[PDB]
>>> print(open('work.cif').read())   # mmCIF, C-alpha atoms and all ligand atoms
data_work
#
loop_
_atom_site.label_atom_id
_atom_site.label_comp_id
_atom_site.auth_asym_id
_atom_site.auth_seq_id
_atom_site.Cartn_x
_atom_site.Cartn_y
_atom_site.Cartn_z
CA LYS X 1 -63.11 -91.60 -7.14
CA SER X 2 -64.27 -89.77 -10.28
CA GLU X 3 -67.54 -91.73 -10.19
CA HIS X 4 -68.41 -90.38 -6.75
CA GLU X 5 -67.11 -86.83 -7.32
CA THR X 6 -69.42 -86.47 -10.32
CA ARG X 7 -72.23 -87.66 -8.07
CA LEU X 8 -71.68 -85.26 -5.19
CA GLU X 9 -71.30 -82.26 -7.52
CA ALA X 10 -74.75 -82.89 -8.97
CA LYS X 11 -76.11 -83.31 -5.43
CA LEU X 12 -74.55 -80.08 -4.14
CA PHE X 13 -75.97 -77.92 -6.92
CA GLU X 14 -79.43 -79.46 -7.45
CA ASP X 15 -80.91 -76.61 -5.40
CA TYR X 16 -78.16 -74.03 -4.95
CA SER X 17 -78.17 -70.24 -5.30
CA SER X 18 -75.01 -68.24 -5.97
CA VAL X 19 -76.91 -64.97 -5.65
CA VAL X 20 -77.46 -65.06 -1.88
CA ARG X 21 -74.84 -65.10 0.88
CA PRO X 22 -74.06 -68.70 2.00
CA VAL X 23 -75.23 -68.31 5.61
CA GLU X 24 -78.16 -70.11 7.22
CA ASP X 25 -79.61 -66.89 8.69
CA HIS X 26 -79.21 -63.53 6.92
CA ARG X 27 -78.15 -61.87 10.18
CA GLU X 28 -74.85 -63.71 10.01
CA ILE X 29 -71.85 -61.90 8.54
CA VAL X 30 -69.83 -64.03 6.12
CA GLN X 31 -66.22 -64.25 7.29
CA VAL X 32 -63.71 -64.20 4.43
CA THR X 33 -59.98 -64.68 5.00
CA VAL X 34 -58.01 -62.72 2.39
CA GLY X 35 -54.33 -63.17 1.61
CA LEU X 36 -52.42 -61.48 -1.19
CA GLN X 37 -49.58 -63.47 -2.75
CA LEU X 38 -47.06 -61.45 -4.78
CA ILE X 39 -45.72 -63.48 -7.69
CA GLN X 40 -43.67 -61.20 -9.91
CA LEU X 41 -43.14 -57.54 -10.83
CA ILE X 42 -43.67 -57.59 -14.59
CA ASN X 43 -43.58 -53.93 -15.66
CA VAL X 44 -42.17 -50.72 -14.22
CA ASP X 45 -43.25 -47.37 -15.69
CA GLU X 46 -40.98 -44.79 -14.08
CA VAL X 47 -42.52 -41.76 -15.80
CA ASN X 48 -45.99 -42.41 -14.42
CA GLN X 49 -44.71 -44.29 -11.37
CA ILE X 50 -46.88 -47.31 -12.14
CA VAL X 51 -45.85 -50.92 -11.58
CA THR X 52 -47.61 -53.95 -13.04
CA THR X 53 -47.52 -57.08 -10.91
CA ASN X 54 -48.61 -60.69 -11.24
CA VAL X 55 -50.46 -61.78 -8.08
CA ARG X 56 -52.86 -64.32 -6.64
CA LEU X 57 -55.57 -63.38 -4.17
CA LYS X 58 -56.14 -66.31 -1.82
CA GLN X 59 -59.64 -66.20 -0.38
CA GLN X 60 -61.18 -68.58 2.14
CA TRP X 61 -64.71 -68.79 3.52
CA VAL X 62 -67.30 -71.42 4.39
CA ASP X 63 -70.39 -72.04 2.28
CA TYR X 64 -73.13 -73.33 4.55
CA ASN X 65 -74.88 -75.21 1.73
CA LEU X 66 -71.86 -77.01 0.34
CA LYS X 67 -71.34 -79.71 2.98
CA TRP X 68 -71.56 -83.50 2.71
CA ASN X 69 -70.51 -86.77 4.33
CA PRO X 70 -67.33 -88.39 2.93
CA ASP X 71 -68.80 -91.82 3.69
CA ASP X 72 -71.70 -91.11 1.34
CA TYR X 73 -69.26 -90.59 -1.54
CA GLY X 74 -66.53 -93.22 -1.32
CA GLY X 75 -64.53 -91.33 1.28
CA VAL X 76 -64.18 -88.22 -0.91
CA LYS X 77 -63.43 -85.31 1.41
CA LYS X 78 -62.48 -82.64 -1.14
CA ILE X 79 -63.25 -81.72 -4.75
CA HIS X 80 -62.36 -79.02 -7.26
CA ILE X 81 -65.23 -77.10 -8.84
CA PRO X 82 -65.48 -74.05 -11.16
CA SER X 83 -65.56 -70.79 -9.20
CA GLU X 84 -68.34 -69.58 -11.51
CA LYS X 85 -70.77 -72.05 -9.95
CA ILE X 86 -70.74 -70.73 -6.39
CA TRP X 87 -71.41 -67.55 -4.45
CA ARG X 88 -68.29 -65.39 -4.15
CA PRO X 89 -67.68 -62.21 -2.10
CA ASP X 90 -66.50 -60.32 -5.21
CA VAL X 91 -63.34 -58.87 -3.66
CA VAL X 92 -61.87 -56.36 -6.12
CA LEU X 93 -58.73 -54.21 -6.51
CA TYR X 94 -59.90 -50.64 -6.83
CA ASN X 95 -56.91 -48.38 -7.28
CA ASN X 96 -55.84 -50.00 -10.52
CA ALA X 97 -53.72 -47.39 -12.36
CA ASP X 98 -54.87 -48.21 -15.91
CA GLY X 99 -58.59 -49.39 -16.37
CA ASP X 100 -60.41 -49.10 -12.96
CA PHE X 101 -60.16 -52.90 -12.17
CA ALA X 102 -57.42 -55.50 -12.76
CA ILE X 103 -57.22 -58.54 -15.05
CA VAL X 104 -58.30 -61.73 -13.28
CA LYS X 105 -58.79 -65.40 -14.05
CA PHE X 106 -61.57 -67.30 -12.31
CA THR X 107 -59.75 -70.53 -11.51
CA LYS X 108 -61.30 -73.55 -9.74
CA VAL X 109 -61.89 -73.58 -5.99
CA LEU X 110 -61.01 -76.27 -3.48
CA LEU X 111 -64.08 -77.34 -1.51
CA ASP X 112 -64.05 -79.80 1.39
CA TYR X 113 -66.97 -81.64 3.03
CA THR X 114 -67.27 -78.95 5.73
CA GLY X 115 -68.15 -76.37 3.13
CA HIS X 116 -64.78 -74.65 3.46
CA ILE X 117 -63.70 -72.94 0.25
CA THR X 118 -60.18 -72.05 -0.87
CA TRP X 119 -59.93 -69.89 -4.00
CA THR X 120 -56.63 -68.53 -5.31
CA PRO X 121 -57.33 -66.68 -8.57
CA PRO X 122 -54.37 -65.11 -10.37
CA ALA X 123 -54.47 -61.47 -11.43
CA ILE X 124 -52.45 -58.67 -12.99
CA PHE X 125 -52.52 -55.55 -10.82
CA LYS X 126 -51.39 -52.08 -11.88
CA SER X 127 -50.43 -49.90 -8.92
CA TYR X 128 -49.48 -46.25 -8.56
CA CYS X 129 -46.33 -45.81 -6.48
CA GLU X 130 -45.35 -42.90 -4.25
CA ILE X 131 -41.70 -41.85 -4.31
CA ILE X 132 -40.16 -42.02 -0.85
CA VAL X 133 -38.42 -38.65 -0.90
CA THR X 134 -37.03 -38.90 2.58
CA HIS X 135 -33.40 -39.73 1.73
CA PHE X 136 -31.00 -39.38 -1.14
CA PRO X 137 -30.98 -40.89 -3.47
CA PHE X 138 -34.72 -41.24 -3.86
CA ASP X 139 -34.49 -44.72 -5.26
CA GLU X 140 -37.41 -46.00 -3.16
CA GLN X 141 -41.11 -46.09 -4.00
CA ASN X 142 -44.17 -47.23 -2.09
CA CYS X 143 -46.76 -49.09 -4.17
CA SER X 144 -50.19 -49.93 -2.78
CA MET X 145 -53.11 -52.18 -3.70
CA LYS X 146 -56.52 -51.60 -2.08
CA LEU X 147 -58.89 -54.57 -1.90
CA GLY X 148 -62.50 -54.80 -0.82
CA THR X 149 -65.85 -56.33 -1.74
CA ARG X 150 -67.41 -54.57 -4.73
CA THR X 151 -70.94 -54.49 -3.34
CA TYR X 152 -71.28 -55.92 0.17
CA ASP X 153 -70.57 -53.65 3.13
CA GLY X 154 -69.09 -54.64 6.49
CA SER X 155 -72.39 -55.84 7.95
CA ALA X 156 -72.79 -58.51 5.24
CA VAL X 157 -69.26 -59.72 4.56
CA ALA X 158 -66.14 -59.24 6.62
CA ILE X 159 -62.71 -59.63 5.06
CA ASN X 160 -59.86 -60.39 7.41
CA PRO X 161 -56.18 -60.45 6.43
CA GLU X 162 -54.71 -63.95 6.50
CA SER X 163 -51.49 -62.30 7.68
CA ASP X 164 -50.06 -58.88 8.53
CA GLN X 165 -47.67 -59.31 5.62
CA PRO X 166 -48.38 -60.35 2.03
CA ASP X 167 -47.19 -63.87 1.13
CA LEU X 168 -43.89 -63.64 -0.73
CA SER X 169 -43.01 -67.33 -0.46
CA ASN X 170 -43.66 -67.68 -4.19
CA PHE X 171 -42.33 -64.31 -5.26
CA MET X 172 -39.75 -64.33 -8.07
CA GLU X 173 -37.22 -61.60 -7.32
CA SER X 174 -36.02 -59.13 -9.90
CA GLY X 175 -32.42 -58.60 -10.81
CA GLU X 176 -32.83 -54.82 -10.55
CA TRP X 177 -35.30 -54.12 -7.73
CA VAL X 178 -35.76 -55.47 -4.22
CA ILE X 179 -38.86 -55.41 -2.00
CA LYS X 180 -37.64 -53.88 1.26
CA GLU X 181 -40.91 -53.90 3.16
CA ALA X 182 -44.47 -55.13 2.68
CA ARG X 183 -47.58 -55.09 4.86
CA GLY X 184 -51.36 -55.20 4.72
CA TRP X 185 -53.65 -52.96 6.81
CA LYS X 186 -57.40 -53.34 7.29
CA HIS X 187 -59.57 -50.20 7.35
CA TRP X 188 -63.17 -49.29 8.17
CA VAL X 189 -64.27 -46.66 5.67
CA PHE X 190 -67.47 -44.62 5.60
CA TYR X 191 -69.21 -43.43 2.44
CA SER X 192 -71.75 -40.62 2.00
CA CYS X 193 -74.52 -43.11 1.21
CA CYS X 194 -74.32 -44.79 4.52
CA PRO X 195 -73.80 -43.10 7.96
CA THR X 196 -73.97 -46.26 10.08
CA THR X 197 -72.46 -49.12 8.06
CA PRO X 198 -68.75 -49.02 7.21
CA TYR X 199 -67.21 -50.62 4.12
CA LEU X 200 -64.05 -52.64 4.67
CA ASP X 201 -60.82 -52.81 2.74
CA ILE X 202 -57.42 -54.34 3.21
CA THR X 203 -54.67 -52.30 1.65
CA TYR X 204 -51.38 -54.01 0.93
CA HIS X 205 -48.27 -52.03 0.14
CA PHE X 206 -44.69 -52.84 -0.69
CA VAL X 207 -41.65 -50.60 -0.74
CA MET X 208 -39.35 -51.39 -3.63
CA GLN X 209 -35.84 -50.11 -4.19
CA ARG X 210 -33.59 -49.95 -7.25
CA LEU X 211 -30.42 -52.02 -6.75
CA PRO X 212 -27.11 -50.11 -7.13
CA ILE M 1 -64.42 -28.72 21.34
CA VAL M 2 -66.25 -31.96 20.56
CA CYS M 3 -65.81 -33.38 17.10
CA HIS M 4 -67.26 -36.32 15.08
CA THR M 5 -64.65 -38.87 14.01
CA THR M 6 -64.39 -41.72 11.51
CA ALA M 7 -61.40 -43.10 13.42
CA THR M 8 -63.98 -45.28 15.18
CA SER M 9 -66.66 -47.61 13.78
CA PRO M 10 -69.40 -46.73 14.26
CA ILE M 11 -68.70 -43.03 13.91
CA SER M 12 -68.45 -41.35 17.29
CA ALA M 13 -68.00 -37.96 18.95
CA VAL M 14 -64.81 -37.20 20.89
CA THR M 15 -63.30 -34.38 22.91
CA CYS M 16 -60.75 -32.97 20.52
CA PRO M 17 -57.06 -33.04 22.17
CA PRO M 18 -55.03 -30.06 23.24
CA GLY M 19 -54.03 -28.03 20.18
CA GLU M 20 -56.78 -29.50 18.04
CA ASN M 21 -59.49 -26.80 18.14
CA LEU M 22 -61.24 -27.42 14.80
CA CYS M 23 -63.48 -30.16 13.61
CA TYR M 24 -63.19 -31.04 9.89
CA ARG M 25 -64.84 -33.13 7.19
CA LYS M 26 -63.06 -34.35 4.07
CA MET M 27 -64.84 -35.99 1.16
CA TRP M 28 -63.65 -37.28 -2.17
CA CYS M 29 -64.63 -39.68 -4.90
CA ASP M 30 -62.93 -43.05 -5.33
CA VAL M 31 -63.95 -45.75 -7.85
CA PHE M 32 -67.27 -46.35 -6.06
CA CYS M 33 -68.53 -42.76 -6.14
CA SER M 34 -71.39 -43.34 -8.57
CA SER M 35 -72.96 -45.86 -6.19
CA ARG M 36 -71.74 -45.19 -2.61
CA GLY M 37 -71.18 -41.45 -2.91
CA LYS M 38 -67.99 -39.77 -1.70
CA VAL M 39 -65.64 -41.19 0.88
CA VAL M 40 -66.14 -39.41 4.23
CA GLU M 41 -63.35 -38.63 6.70
CA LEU M 42 -64.13 -36.76 9.94
CA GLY M 43 -61.87 -35.63 12.76
CA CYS M 44 -60.04 -33.07 14.91
CA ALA M 45 -57.39 -30.65 13.68
CA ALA M 46 -55.25 -27.74 14.87
CA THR M 47 -55.47 -26.17 11.43
CA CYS M 48 -57.65 -26.91 8.40
CA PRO M 49 -56.18 -29.84 6.36
CA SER M 50 -54.87 -28.98 2.91
CA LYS M 51 -57.39 -29.57 0.21
CA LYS M 52 -56.60 -31.24 -3.06
CA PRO M 53 -58.20 -30.87 -6.56
CA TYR M 54 -59.99 -34.11 -5.69
CA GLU M 55 -60.63 -33.37 -2.04
CA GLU M 56 -63.38 -31.36 -0.44
CA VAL M 57 -62.47 -30.17 3.04
CA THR M 58 -64.52 -27.97 5.32
CA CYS M 59 -63.59 -26.81 8.81
CA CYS M 60 -65.57 -25.38 11.76
CA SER M 61 -65.44 -24.48 15.48
CA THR M 62 -68.76 -25.57 17.00
CA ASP M 63 -69.47 -28.85 18.81
CA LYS M 64 -70.14 -31.72 16.41
CA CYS M 65 -70.25 -29.36 13.42
CA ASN M 66 -68.66 -32.02 11.16
CA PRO M 67 -71.24 -34.84 11.02
CA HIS M 68 -71.55 -37.51 8.34
CA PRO M 69 -73.13 -35.68 5.37
CA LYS M 70 -76.40 -37.55 5.99
CA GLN M 71 -76.79 -36.44 9.59
CA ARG M 72 -77.58 -33.16 11.31
CA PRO M 73 -74.69 -31.25 12.90
CA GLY M 74 -74.57 -30.38 16.59
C1 LIG X 301 -46.66 -46.97 2.12
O1 LIG X 301 -47.97 -46.57 1.72
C2 LIG X 301 -48.99 -47.21 2.51
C3 LIG X 301 -50.33 -46.82 1.92
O2 LIG X 301 -50.56 -45.42 2.01
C4 LIG X 301 -48.85 -46.80 3.99
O3 LIG X 301 -49.79 -47.59 4.76
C5 LIG X 301 -50.26 -47.03 5.93
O4 LIG X 301 -49.41 -47.48 7.00
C6 LIG X 301 -49.82 -47.00 8.29
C7 LIG X 301 -48.79 -47.49 9.29
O5 LIG X 301 -47.54 -46.86 9.09
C8 LIG X 301 -51.22 -47.51 8.63
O6 LIG X 301 -51.65 -46.94 9.88
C9 LIG X 301 -52.18 -47.81 10.81
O7 LIG X 301 -53.56 -48.07 10.46
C10 LIG X 301 -54.19 -48.98 11.38
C11 LIG X 301 -55.57 -49.33 10.82
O8 LIG X 301 -56.34 -48.12 10.65
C12 LIG X 301 -57.71 -48.38 10.53
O9 LIG X 301 -58.27 -48.89 11.73
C13 LIG X 301 -58.19 -47.98 12.85
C14 LIG X 301 -58.63 -48.72 14.10
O10 LIG X 301 -59.98 -49.21 13.94
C15 LIG X 301 -60.30 -50.16 14.92
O11 LIG X 301 -60.25 -49.63 16.25
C16 LIG X 301 -61.23 -48.59 16.53
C17 LIG X 301 -61.02 -48.16 17.97
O12 LIG X 301 -59.65 -47.89 18.23
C18 LIG X 301 -62.65 -49.11 16.27
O13 LIG X 301 -63.59 -48.05 16.45
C19 LIG X 301 -62.76 -49.67 14.85
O14 LIG X 301 -64.05 -50.22 14.65
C20 LIG X 301 -61.69 -50.74 14.63
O15 LIG X 301 -61.94 -51.85 15.52
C21 LIG X 301 -61.53 -53.11 15.09
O16 LIG X 301 -60.10 -53.24 15.08
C22 LIG X 301 -59.47 -53.07 16.37
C23 LIG X 301 -57.98 -53.22 16.16
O17 LIG X 301 -57.38 -52.00 15.76
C24 LIG X 301 -60.03 -54.09 17.37
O18 LIG X 301 -59.51 -53.80 18.66
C25 LIG X 301 -61.56 -54.03 17.41
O19 LIG X 301 -62.06 -55.07 18.25
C26 LIG X 301 -62.13 -54.18 16.00
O20 LIG X 301 -61.84 -55.47 15.49
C27 LIG X 301 -58.99 -46.72 12.54
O21 LIG X 301 -58.91 -45.81 13.62
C28 LIG X 301 -58.37 -46.10 11.29
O22 LIG X 301 -59.05 -44.87 10.97
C29 LIG X 301 -58.23 -43.87 10.46
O23 LIG X 301 -57.99 -44.03 9.07
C30 LIG X 301 -59.19 -43.97 8.26
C31 LIG X 301 -58.79 -44.27 6.83
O24 LIG X 301 -57.49 -44.85 6.77
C32 LIG X 301 -59.86 -42.60 8.43
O25 LIG X 301 -61.09 -42.57 7.72
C33 LIG X 301 -60.13 -42.32 9.90
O26 LIG X 301 -60.61 -41.00 10.05
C34 LIG X 301 -58.85 -42.50 10.74
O27 LIG X 301 -57.92 -41.48 10.40
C35 LIG X 301 -58.43 -47.09 10.11
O28 LIG X 301 -59.78 -47.39 9.78
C36 LIG X 301 -54.25 -48.34 12.77
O29 LIG X 301 -54.88 -49.22 13.69
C37 LIG X 301 -52.82 -48.04 13.24
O30 LIG X 301 -52.89 -47.35 14.50
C38 LIG X 301 -51.84 -47.59 15.40
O31 LIG X 301 -50.65 -46.87 15.04
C39 LIG X 301 -50.83 -45.44 14.98
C40 LIG X 301 -49.53 -44.82 14.49
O32 LIG X 301 -48.44 -45.72 14.63
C41 LIG X 301 -51.28 -44.91 16.35
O33 LIG X 301 -51.55 -43.52 16.27
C42 LIG X 301 -52.54 -45.66 16.81
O34 LIG X 301 -52.90 -45.24 18.12
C43 LIG X 301 -52.29 -47.17 16.80
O35 LIG X 301 -51.28 -47.48 17.78
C44 LIG X 301 -51.18 -48.81 18.20
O36 LIG X 301 -50.38 -49.59 17.32
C45 LIG X 301 -49.02 -49.14 17.17
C46 LIG X 301 -48.34 -50.06 16.18
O37 LIG X 301 -48.34 -49.49 14.87
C47 LIG X 301 -48.31 -49.12 18.53
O38 LIG X 301 -47.02 -48.54 18.38
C48 LIG X 301 -49.12 -48.31 19.55
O39 LIG X 301 -48.52 -48.42 20.83
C49 LIG X 301 -50.56 -48.83 19.61
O40 LIG X 301 -50.55 -50.17 20.13
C50 LIG X 301 -51.70 -50.62 20.79
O41 LIG X 301 -52.72 -51.02 19.88
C51 LIG X 301 -52.33 -52.07 18.96
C52 LIG X 301 -53.54 -52.37 18.09
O42 LIG X 301 -53.94 -51.23 17.34
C53 LIG X 301 -51.85 -53.31 19.72
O43 LIG X 301 -51.26 -54.22 18.81
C54 LIG X 301 -50.82 -52.95 20.81
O44 LIG X 301 -50.57 -54.09 21.61
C55 LIG X 301 -51.33 -51.80 21.68
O45 LIG X 301 -52.47 -52.23 22.43
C56 LIG X 301 -52.10 -47.17 12.21
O46 LIG X 301 -52.69 -45.88 12.19
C57 LIG X 301 -52.20 -47.11 7.53
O47 LIG X 301 -53.46 -47.72 7.78
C58 LIG X 301 -51.71 -47.52 6.15
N1 LIG X 301 -52.57 -46.92 5.14
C59 LIG X 301 -53.11 -47.66 4.17
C60 LIG X 301 -53.97 -46.94 3.15
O48 LIG X 301 -52.93 -48.88 4.07
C61 LIG X 301 -47.41 -47.04 4.51
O49 LIG X 301 -47.24 -46.41 5.77
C62 LIG X 301 -46.37 -46.49 3.54
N2 LIG X 301 -45.05 -46.94 3.96
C63 LIG X 301 -44.03 -46.09 4.01
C64 LIG X 301 -42.74 -46.60 4.64
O50 LIG X 301 -44.10 -44.94 3.58
#
>>> encode(input="work.cif", output="structure tokens")
Amino acid sequence: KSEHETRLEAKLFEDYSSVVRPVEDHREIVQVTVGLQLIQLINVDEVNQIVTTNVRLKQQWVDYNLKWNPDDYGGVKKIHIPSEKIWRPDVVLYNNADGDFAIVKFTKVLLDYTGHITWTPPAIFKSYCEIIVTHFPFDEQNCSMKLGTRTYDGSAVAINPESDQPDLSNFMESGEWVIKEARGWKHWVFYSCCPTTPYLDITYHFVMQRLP
Amino acid sequence: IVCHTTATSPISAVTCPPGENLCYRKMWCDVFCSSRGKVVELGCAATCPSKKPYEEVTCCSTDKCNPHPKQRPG
């Protein structure tokens, strides 16, 4: 129990570095599964067409150096540890309407003996929305959220959507708006600094409509 | 006309389709401009794409005349 967990945590971090990618050979590309969970629309600014939403960004990846044998620690096969203690891909929202990056809370991660990490930090995103002016009335807007690693490019870390659609299983509906459609799309983007290596992003969007 | 394109990764050169006779390059700054430089979009077009206040678009009619800004055209 708690006696063994304390033990294994000390063991795991006695010689650990959160500054280098958790792969045995630097040629390896870290595979990170990313899944956006929409929790609640908390603010709607119709003049600027900005919506503030409460979300959670579920991230999963394996840390080569964080493995162990359950038998060596009283059968413990999983433990919770502060996210600040390990390497993280630094996935960020970068089309935050007000600020240039969203509000986030570094919650604990779930780590199992195989080195598999599950991190689901909550965040407050501010997104610009585009009015869908196809049909009258124009009571529909398309809000997007672009996510990608702040520093690493596609040859170091690869983010892959957990699903084609954001997770709305824990979404608290509004009494005045409804989410009609929502999807995430992965893109390979090139920047002027780098002609050969693309930077990756997963952009999630949701179309919301005012109820009659 | 053969044009460079960012529709593929890595960037590649493709025979532009019927109707598309221009090669173009669009660049603009996003939140990472100070470090990665401007976003680069390359492709084929029938007519030069509209430019925005925050977009920089250039068009041309020679083979591979729209390379990544860090590479020679042609
Ligand atoms: C609300 O606002 C939202 C935000 O603005 C808005 O979101 C946008 O929605 C649209 C959809 O409506 C999104 O458009 C799609 O984008 C997809 C992803 O685009 C990126 O990736 C592609 C592909 O890159 C891969 O493939 C090439 C080679 O083809 C490689 O070179 C790459 O390395 C890469 O390879 C990996 O991935 C492959 C899988 O695709 C693997 O095979 C491979 O092994 C690798 O793993 C790039 O080309 C894109 O580049 C373009 O865009 C960037 C920047 O965005 C530019 O810089 C660049 O110059 C290019 O312009 C980009 O990086 C597209 O894949 C997807 O394309 C399909 O649909 C379109 C149109 O419908 C077709 O023209 C196209 O041919 C594709 O067709 C296939 O899929 C459709 C289904 O949609 C089928 O109908 C069709 O028959 C065909 O099917 C075949 O292929 C399928 C797989 O692709 C397969 O499933 C089928 O079985 C079949 O074989 C499309 O363009 C857009 O991204 C969103 N934008 C954002 C910002 O999120 C939303 O619309 C708004 N909503 C409303 C209601 O208003």
>>> residues_near_ligand(input="work.cif", ligand="ligand LIG 301 (chain X)", cutoff="7 Å", atoms="only C-alpha atoms and all ligand atoms", output="ChimeraX atom specification")
/X:132,142-144,184-189,203-207 /M:5-10,40-43
>>> atom_distance(input="work.cif", atom1="atom CA of residue 47 of chain M", atom2="atom CA of residue 19 of chain M")
9.1 Å
>>> closest_atom_pairs(input="work.cif", of="chain M", to="chain X", cutoff="6 Å", atoms="only C-alpha atoms", output="tab-separated table")
residue	atom	partner	partner_atom	distance
M:36	CA	X:193	CA	5.2
M:37	CA	X:192	CA	5.0
M:38	CA	X:192	CA	5.3
M:39	CA	X:191	CA	4.5
M:40	CA	X:191	CA	5.4
>>> closest_residue(input="work.cif", among="M:31, M:1, M:13, M:22", to="residue 45 of chain M", atoms="all atoms listed in the file")
M:22
>>> residues_near_point(input="work.cif", point="(-63.7, -34.6, 16.1)", cutoff="12 Å", atoms="all atoms listed in the file", output="PyMOL selection string")
chain M and resi 1-8+11-17+20-25+41-46+59-68+73-74
>>> atom_distance(input="work.cif", atom1="atom CA of residue 181 of chain X", atom2="atom CA of residue 49 of chain M")
28.7 Å
>>> closest_residue(input="work.cif", among="X:23, X:156, X:36, X:50", to="residue 92 of chain X", atoms="all atoms listed in the file")
X:36
>>> residues_around(input="work.cif", residues="segment 6-15 of chain X", least_positions_apart="5", cutoff="10 Å", atoms="only C-alpha atoms", output="MDAnalysis selection string")
chainID X and resid 1 65:70 72:73 76 79:81 85:86
>>> axis_aligned_box(input="work.cif", around="segment 29-35 of chain X", padding_each_side="8 Å", output="JSON")
{"center_x": -63.1, "center_y": -63.3, "center_z": 5.1, "size_x": 33.5, "size_y": 18.8, "size_z": 22.9}
>>> closest_residue(input="work.cif", among="X:152, X:136, X:125, X:87", to="residue 54 of chain X", atoms="only C-alpha atoms")
X:125
>>> closest_residue(input="work.cif", among="X:129, X:91, X:158, X:44", to="residue 29 of chain X", atoms="only C-alpha atoms")
X:158
>>> atom_distance(input="work.cif", atom1="atom CA of residue 120 of chain X", atom2="atom CA of residue 33 of chain M")
28.4 Å
>>> closest_residue(input="work.cif", among="X:63, X:139, X:173, X:153", to="residue 113 of chain X", atoms="all atoms listed in the file")
X:63
>>> residues_around(input="work.cif", residues="residue 40 of chain X", least_positions_apart="4", cutoff="10 Å", atoms="all atoms listed in the file", output="list in words")
residues 52, 53, 54, 55, 124, 168, 170, 171, 172, 173 and 174 of chain X
>>> closest_residue(input="work.cif", among="X:210, X:58, X:27, X:141", to="residue 176 of chain X", atoms="only C-alpha atoms")
X:210
>>> decode(input="work.cif", residues="segment 50-61 of chain M", atoms="N, CA and C atoms", output="mmCIF file, in the first residue's frame")
data_model
loop_
_atom_site.group_PDB
_atom_site.id
_atom_site.type_symbol
_atom_site.label_atom_id
_atom_site.label_comp_id
_atom_site.auth_asym_id
_atom_site.auth_seq_id
_atom_site.Cartn_x
_atom_site.Cartn_y
_atom_site.Cartn_z
ATOM 1 N N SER M 50 -7.002 35.566 -52.412
ATOM 2 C CA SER M 50 -7.157 36.856 -51.771
ATOM 3 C C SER M 50 -6.213 36.972 -50.607
ATOM 4 N N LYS M 51 -5.617 38.145 -50.482
ATOM 5 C CA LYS M 51 -4.697 38.370 -49.391
ATOM 6 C C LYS M 51 -5.419 39.098 -48.285
ATOM 7 N N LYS M 52 -4.996 38.849 -47.060
ATOM 8 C CA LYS M 52 -5.577 39.519 -45.922
ATOM 9 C C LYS M 52 -4.517 40.471 -45.375
ATOM 10 N N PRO M 53 -4.882 41.297 -44.375
ATOM 11 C CA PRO M 53 -4.041 42.277 -43.690
ATOM 12 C C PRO M 53 -2.924 41.448 -43.055
ATOM 13 N N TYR M 54 -3.278 40.252 -42.589
ATOM 14 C CA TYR M 54 -2.280 39.383 -41.960
ATOM 15 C C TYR M 54 -1.774 38.229 -42.803
ATOM 16 N N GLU M 55 -2.003 38.325 -44.103
ATOM 17 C CA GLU M 55 -1.560 37.308 -45.032
ATOM 18 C C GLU M 55 -0.638 37.947 -46.034
ATOM 19 N N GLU M 56 0.303 37.153 -46.528
ATOM 20 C CA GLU M 56 1.254 37.599 -47.523
ATOM 21 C C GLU M 56 1.163 36.525 -48.598
ATOM 22 N N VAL M 57 0.604 36.895 -49.742
ATOM 23 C CA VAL M 57 0.432 35.959 -50.838
ATOM 24 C C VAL M 57 1.104 36.443 -52.103
ATOM 25 N N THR M 58 1.887 35.566 -52.711
ATOM 26 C CA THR M 58 2.560 35.887 -53.955
ATOM 27 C C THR M 58 2.247 34.778 -54.952
ATOM 28 N N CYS M 59 2.037 35.168 -56.200
ATOM 29 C CA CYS M 59 1.708 34.223 -57.252
ATOM 30 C C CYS M 59 2.738 34.261 -58.379
ATOM 31 N N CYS M 60 2.804 33.204 -59.188
ATOM 32 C CA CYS M 60 3.764 33.138 -60.297
ATOM 33 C C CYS M 60 3.373 32.085 -61.336
ATOM 34 N N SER M 61 4.063 32.066 -62.478
ATOM 35 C CA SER M 61 3.726 31.129 -63.554
ATOM 36 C C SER M 61 4.849 30.238 -64.082
#
